[PDB]
There are 2 protein chains.
Amino acid sequence: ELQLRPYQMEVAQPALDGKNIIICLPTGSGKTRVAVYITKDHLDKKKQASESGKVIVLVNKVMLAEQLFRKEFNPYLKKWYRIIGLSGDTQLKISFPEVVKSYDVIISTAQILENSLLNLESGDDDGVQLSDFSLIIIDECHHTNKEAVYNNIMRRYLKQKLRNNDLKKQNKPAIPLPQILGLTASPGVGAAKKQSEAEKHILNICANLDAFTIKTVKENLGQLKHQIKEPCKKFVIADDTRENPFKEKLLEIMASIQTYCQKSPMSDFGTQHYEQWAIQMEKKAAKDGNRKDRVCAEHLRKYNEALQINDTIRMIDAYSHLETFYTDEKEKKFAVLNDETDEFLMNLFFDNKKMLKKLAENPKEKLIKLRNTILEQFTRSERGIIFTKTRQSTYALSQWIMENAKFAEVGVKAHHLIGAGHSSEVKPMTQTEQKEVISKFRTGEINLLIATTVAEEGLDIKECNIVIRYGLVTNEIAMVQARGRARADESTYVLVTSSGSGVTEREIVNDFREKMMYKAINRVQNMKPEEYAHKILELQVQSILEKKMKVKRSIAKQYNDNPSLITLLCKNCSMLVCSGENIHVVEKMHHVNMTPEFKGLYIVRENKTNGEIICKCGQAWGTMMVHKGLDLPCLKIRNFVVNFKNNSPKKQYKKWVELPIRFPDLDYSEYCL
Amino acid sequence: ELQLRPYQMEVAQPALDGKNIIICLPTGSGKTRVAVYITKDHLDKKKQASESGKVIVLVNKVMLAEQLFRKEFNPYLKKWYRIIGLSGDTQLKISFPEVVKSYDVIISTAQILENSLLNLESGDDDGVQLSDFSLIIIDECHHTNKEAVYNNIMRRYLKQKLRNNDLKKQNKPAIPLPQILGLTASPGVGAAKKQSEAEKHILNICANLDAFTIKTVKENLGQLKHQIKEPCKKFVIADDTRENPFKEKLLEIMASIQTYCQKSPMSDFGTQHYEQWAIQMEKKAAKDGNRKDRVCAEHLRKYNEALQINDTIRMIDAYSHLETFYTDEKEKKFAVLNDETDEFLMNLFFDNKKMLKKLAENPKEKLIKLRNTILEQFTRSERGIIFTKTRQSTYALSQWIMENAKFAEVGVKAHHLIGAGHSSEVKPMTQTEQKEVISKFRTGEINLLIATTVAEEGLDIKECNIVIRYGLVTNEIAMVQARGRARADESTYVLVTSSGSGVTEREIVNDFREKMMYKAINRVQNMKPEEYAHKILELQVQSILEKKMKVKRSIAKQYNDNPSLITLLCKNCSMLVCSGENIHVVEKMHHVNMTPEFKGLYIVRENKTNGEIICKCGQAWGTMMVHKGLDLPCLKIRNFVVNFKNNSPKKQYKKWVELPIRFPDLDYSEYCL
RNA sequence: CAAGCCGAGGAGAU
RNA sequence: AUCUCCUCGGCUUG
RNA sequence: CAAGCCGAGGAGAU
RNA sequence: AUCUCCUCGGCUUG
Ligand SMILES: Nc1ncnc2c1ncn2[C@@H]1O[C@H](COP(=O)(O)OP(=O)(O)O)[C@@H](O)[C@H]1O
Ligand SMILES: Nc1ncnc2c1ncn2[C@@H]1O[C@H](COP(=O)(O)OP(=O)(O)O)[C@@H](O)[C@H]1O
Ligand code: ALF
Ligand code: ALF
Ligand SMILES: [Zn+2]
Ligand SMILES: [Zn+2]
């Protein structure tokens, strides 16, 4: 039942017989089916050759593993050969090393294979080796970067290949190397100004993957052009001339606070430079142990945030954010009670809270023209996607769609999607919820999906009529991927952003980067085999050598590991909180203090299933981890300061591993009875 | 007359002189006779040593106690020493504490000993202590888990041992500790990915049992391999491609109901996630007190059940289940009479009942291939067991065997067996009936026994030629036990399940778990005695400490016990049903309401020797318990809602003890005259 | 034979 | 940690 | 479902 | 090289 198209067979012909290559075709070009056919043919050849046929497939995202196992690989190849799909969400309850030699076909995330190989090197597990495989297939090869995971596996393979090459001249016996196939659409450019540098980057990618070709379609290119229709470009610009009253009032309170705390800004208000200066002042206050510096800096950062989102988000969201932050602060202080500067800030906000609320309520936007374009397009159509910067922006957009009655009149369905993980005050989503949202959009129940960069990569959809980016541009690879994600016969590509910012210049930069992409692929494809191979060998040895010395330097970097040489103090108040030995380590990951003498210092607080800790000052410290029954008080070094026993050089790390000195584990015999 | 085999003596030699150990041999390896010989030798040594010899045997199942008392222990050891067999079914009319010091040999379920020790601690009874015994023997040691009953007894013993160890350094006098012997075949793995974690689990088991060895046969292993023949593996797969017409019609009515009640599914149809969402909506409706939510959710759950069994059961059973459920509902409503949505559901079923019956009657299965394999094997043989998920599945299989004429032509005898207890709409069986069925199968009168997980553990049979699992896999321990239960010279092991499900992956996972078992036992057996003992002591103190703080937390959890602070309302209709004090408690277990004012609210209903109660809405509430003459109306909190006097936070418990506030007992003087 | 109560174990999904 | 689904033992009542 | 830990990638500013 | 801001994967705990 397997089917092929003339361009598919043309591109895949070299790979049918050896030729460990890369295939760079646009999105929705059957690349998945090309890989499926190549796998089927390779396994058929292995069976005909009376040789073991092992195929492994690597995908950076967890979801794409299930997607391939469900839609392309298993349905077409279920009957002939055994198939299994592995992932972090999936419980590989059997093992990796033997399932390698059980099902003859593996689809797994790269990190699992990497972990298995590291375990083998450590010797704890029997482990697996690349020799066990006969064919390695990689999706989204552009991620093979300086030391990405794909790059780690490929560096191991390339060290093996270099050893094999050395033996070729030294000794006949050699370790077999599986064939390598890579699939991508935009290999990418490492921000290279010179087309020489662009082709250098392309050759670096090839060397990392040992591609020895790109093998792009040239004959049936007209057929592809007919098949795939590029979306129509559209540029939208805006100016934040309005918002004067409330913005001016907010700036006035900013200036009042700044003069109260005499902060020479050393930058213009409303920029990342100002936030960096504020954080540097945070650090300086930590090294000096004074107040009046960190609280005001954090408040200014929050107001700057509010302003930046306001340029792209409605005020109500910013005001709610600020109100929640101040509510949390007030609850902290109220719990602690049970200075004139914190009082100044809080009482200033309380006194002006009503007037600020009324002032934000008044009129005086990108939002009005965004609504105009969206509804005009929807009537002109009788799917849509929004790409933005931060998750709260997606939530605000969803709220705007729901509340506004015009969208209800149109009846467009919408839902907010965001990435997983905890990212500094954005709620972590769950993978199952992401799969649910994607499936709901696929079945047509959701007509408008708002997503962050997550949807840019993978997250394939059969068609997406409308792709409207909203103030998001990062690089050419993301731009091209998002553009190709439309896959609709009649697509509409729109970019919305402020004219003052450099975002339009960035979009045209990405356009030229795409053009330079092709300008470099066509060049590299036409190169002398001898000089070409010399370049690949050079780049391969470069990568291997760099990795070797990187490992050496990492070994040489972390060596001190002293038992106890410091005193840990509260950052807000320079008081002796803990010694260099009273701390204990559990699970080899978490830190705790068990002596009750500490319990007389900190204050437990719980308002919400794990409580938290706070200082006498109100500074948050950590949580109460319920492990093995024990409610161990875990503390985050992110909210503490260190004082070495000698010279008292105060240092703040935000992180434990950055501290070279180690702490002892918790001996449960100590807490006997 | 006692006999031993070289592997038996080899494994038992360490235990002959002290050495409180575990013995892990495959099934049917004489383990029972090994225990009998060890007991006999120990008692002979005690007599020769002029010391009291007390032996106690613990079995988790009630039936195995009688089995050991009948087949292995008493017949061989009747003459030399007194023997008695205790159990829940058996009436220990004398007492436990003195029969400990009466017959010199005890065979009892662990729970009885546990209860006696708890009574001793409470002081109500004179009680018994482990010191009274000289040897404790445990069967199926793998059940010694986080706080299993075996684990509770072993934790008490280990606290005693820790006290004795402390005295060893402090004071010469110490409390003697009886020797400990354990018998098992598959100690098990706690779903451990790392062989380090597997051996950690094994060491945890040893510490709980103080085994200090495993002592597995290594020398005569060839003799065991020759003696015991492993069954031949066989994998059977199927796809539910058929069933399209009636399944599609059922899905259509599902969709009609869902759109009528606008249930955003938040999951795919036909999965436990959908049922969980339905129950969450049950809870939400309870907190809001609206209809149109719970009835439809329950109907959808019933249809989802029907579908799931249909994948593995004939439709007629599902249709009969649905028909009985709707008949019960209609009888409820008819009794109540003597909304448009309940009417919608019931009238929809009535209108389509004839067409649904005809549609289920038509053709379009795992059943056909199951019948094929069963009959082909039976002719190829000229006993059989089926393991399944739910009891109604066993009943359907028995009906299929009886009705189908092909089995009659073969003449295979078959009967259905299931576990005891009430498990949410599956009839509770009786222990005597289970013993009857087992004896009938043993005597050869039954050639095919269908059983649930109950037959997996214990329920020993001299031989079982055929073991065919049918869509049942839970863990490696159950798999290995069932596999070894065959014990036939020429066995046939078969696993039948759908290809779409992950059941085959599970079976191979259990296979690798068995392999990892041996990979960990061989490792632990070869360990340094000092480091080993350090690990056992560590794990023992861990268990003791965890149990201590668990008891402390349990004490700290249940403290409120308020007399009357709530109002109890009907879940279906938010009406005031009872106050916080009008309820009374009897037998210290049952709850009742005595005031006749309540009798004017609920409706008594009886259709069948205890009647039941229903609301004005038709919601079932409870029964009429005939205790001490009184027909007290007992109500199940499972079908009610609570409303606290303050803040009215509605909460549903399904259970009484979960409610921390207590109710008064029934004072019979109140109901005088 | 029926009903009820207390605890415990395993699997699946959040 | 939670929810669902299955299984074991002990106790009581009739 | 919640929390925590390890690594990695991209963009911006010094 | 540093700081900031965003995203991915793996692990653990409950
Ligand atoms: N052999 C073929 N015959 C007909 N159509 C094909 C064939 N191969 C691919 N296609 C078309 O190309 C598309 C393949 O998209 P796909 O490769 O899954 O996108 P992506 O690679 O981005 O996941 C399908 O929508 C299908 O209609
Ligand atoms: N000393 C012996 N001499 C001969 N045969 C023995 C001896 N001990 C055990 N056997 C054989 O081993 C089997 C023991 O099975 P048994 O231990 O009762 O199974 P389980 O332990 O699963 O209940 C018997 O069928 C018997 O033939
Ligand atoms: F392989 Al794609 F979108 F190009 F999933
Ligand atoms: F002791 Al057995 F089956 F192994 F009863
Ligand atoms: Zn402080
Ligand atoms: Zn009611």
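To match Swiss-Prot, the residue numbers of chain A are left as they are there, and the shown ones run 306-643, 670-695, 699-716, 720-945, 956-1020.
The deposited model was determined using electron microscopy, 3.7 Å.
Cβ coordinates are placed from backbone N, Cα and C, and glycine is handled just like the others.
A:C962 (Zn(2+) binding site) falls within neither a helix nor a strand when secondary structure is assigned with DSSP, and so counts as coil. For A:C962 (Zn(2+) binding site), applying a Cβ distance below 8 Å and a minimum sequence separation of six or more within one chain yields A:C907, A:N909, A:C910, A:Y939, A:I940, A:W968. The feature Zn(2+) binding site is assigned by Swiss-Prot to A:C907, A:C910, A:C962, A:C964, with sequence analysis given as support.
Positions annotated as domain 'Helicase ATP-binding' by Swiss-Prot: A:317-510.
Taken from Swiss-Prot, the feature phosphoserine applies to A:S828, supported by similarity to another entry. Cβ neighbour count for A:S828 (phosphoserine): 19 (other Cβ atoms within 10 Å of its Cβ, all protein chains included).
Note: the CA-CA distance between A:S828 (phosphoserine) and A:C964 (Zn(2+) binding site) rounds to 57 Å. Within 10 Å of the C-beta atom of A:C910 (Zn(2+) binding site) sit 14 other C-beta atoms, taking all shown protein chains into account.
Here 10 residues go unmodelled in the deposited structure, bounded by A:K945 on one side and A:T956 on the other; the Cα atoms of these bounding residues are 8 Å apart. Among the listed binding-site residues, namely A:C907, A:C964, the Cβ with the most fellow Cβ atoms inside 10 Å is that of A:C907.
Using the Cβ center of A:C907, A:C910, A:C962, A:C964 for Zn(2+), the list of other same-chain residues with Cβ within 8 Å runs, in sequence order, A:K908, A:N909, A:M912, A:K963, A:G965, A:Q966. Spanning 3 unmodelled residues, the distance from A:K695 to A:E699 taken between Cα atoms equals 9 Å. Taken residue by residue with DSSP, A:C907 (Zn(2+) binding site) is part of neither helix nor strand, so it is coil. Separation across the 3-residue hole in the deposited chain, A:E716 to A:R720, is 11 Å (Cα atoms). By the rule that a residue counts when its Cβ sits under 6 Å from some atom of ligand 5, the recorded positions A:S828, A:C907, A:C910, A:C964 yield A:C907, A:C910, A:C964.
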